[PDB]
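Asks: Sharing a structure with you now.
FYI the Cβ positions are ideal-geometry reconstructions off the backbone, even for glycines, and counts take in every protein chain you see. Any read-out appearing in this document is the output of simple, stated calculations on the displayed coordinates, not a laboratory observation.
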Amino acid sequence: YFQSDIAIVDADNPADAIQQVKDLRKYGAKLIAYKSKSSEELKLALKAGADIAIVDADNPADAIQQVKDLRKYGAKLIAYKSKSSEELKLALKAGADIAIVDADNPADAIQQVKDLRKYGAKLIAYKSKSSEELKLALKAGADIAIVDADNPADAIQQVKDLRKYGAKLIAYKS
């Protein structure tokens with residue numbers, strides 16, 4: 001939370017969210033991201049002191065509505081995650097700031113990064129337990145490296161490795 005630029009919360013309920021935000025906010029974390037399938041929960045998280053609202057909606061119609069609800073509410077940093085680069089572009093066209101690439105497949109995921117970079121996406125994020133795959137995503141034009149290690153030791157080493165490589169924005173999921 002010191003070496004990382006962004007702290008990502010899942011917390012499975014609102015009251016956990018406003019508590020987990022308050023924990024991070026007072027003690028360590030700089031930028032706080034919160035993910036939810038509920039735009040109303042995301043609004044509460046932002047009010048509680050989160051910086052980045054990650055829209056988690058599985059269907060494009062719901063995603064566009066949620067991005068627009070958060071844009072009107074005054075959200076400053078809206079992110080959307082999809083396995084579809086078409087759907088990520090829909091979220092950018094609705095006013096999302098951050099496209100999070102989430103293809104199940106390193107070849108495919110790295111191509112989504114190139115396609116989003118070609119498209120002109122301002123901020124692309126990429127998640128991996130492979131620090132070497134995160135370096136390939138950054139060369140391909142990703143801006144945010146999301147560490148996804150299976151334990152604390154591997155997470156701490158991924159952050160160190162990506163700093164030395166030159167990663168400007170590193171995110172960690174608690």
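Asks: Name the residues whose placed amide hydrogens come within less than 5 Å of the amide hydrogen of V9, ignoring near sequence neighbours (fewer than 5 apart) on the same chain.
Replies: Result for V9 returns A33, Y34, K35.
Asks: Shifting gears a bit: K164 versus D62, label points 7 Å from Cα toward the beta carbon: distance in nm?
Replies: 4.2
Asks: If you don't mind, there's one more thing I want to ask. For the range 6-173, what is the relative contact order in percent, using Cα pairs closer than 8 Å and at least 6 residues apart in sequence? Walk me through the numbers on the way to the answer.
Replies: Values: 315 pairs, mean separation 25.8, N = 168.
It comes to 15 percent, rounded to a whole number.
Asks: Let me ask something else. Helix-only mean residue ellipticity at 222 nm, the chain, DSSP H runs n ≥ 4 weighted -39,500 (n - 2.57), per residue, nearest 500. What is it?
Replies: Values: 7 runs with 84 residues, N = 174.
My calculation for the chain gives -15000 deg cm²/dmol from helical runs alone.
Asks: Of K76, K89, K127, which is the most mobile in a GNM of the chain whose springs link Cα atoms less than 10 angstrom apart?
Replies: Highest fluctuation among the options: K76.
Asks: Compute the FRET efficiency between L136 and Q19 as 1/(1 + (r/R0)^6), taking r as their Cβ-Cβ distance and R0 = 45 Å, and round to the nearest 0.05.
Replies: Values: r = 37 Å, r/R0 = 0.82.
The formula returns an efficiency of 0.75 here.
Asks: What residue among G141, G28, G49 shows peak mean-square fluctuation when the chain is described by a Gaussian network model with Cα springs under 10 Å?
Replies: In this elastic network of the chain, the residue with the biggest mean-square fluctuation among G141, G28, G49 is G28.
Asks: With springs connecting C-alpha atoms under 10 Å apart, model the chain as a Gaussian network and identify which of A61, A91, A79 has the largest mean-square fluctuation.
Replies: Highest fluctuation of the listed residues: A61.
Asks: What is the Cα centroid distance between the range 1-67 and the range 105-168, reported in whole angstrom?
Replies: Spelled out, the Cα-based centre of one part sits 20 Å from the other.
Asks: Given bins 10 angstrom wide, list per bin the percent of all Cα-Cα distances in the chain, short to long.
Replies: Reading upward from the zero bin: 11, 39, 38, 12, 0.
Asks: Moving on. Bin width 10 Å, alpha-carbon pairs only: give the P(r) of the range 84-174 as whole percents, running from 0 to the bin holding the largest distance.
Replies: It works out to 18, 50, 27, 4, in whole percents.
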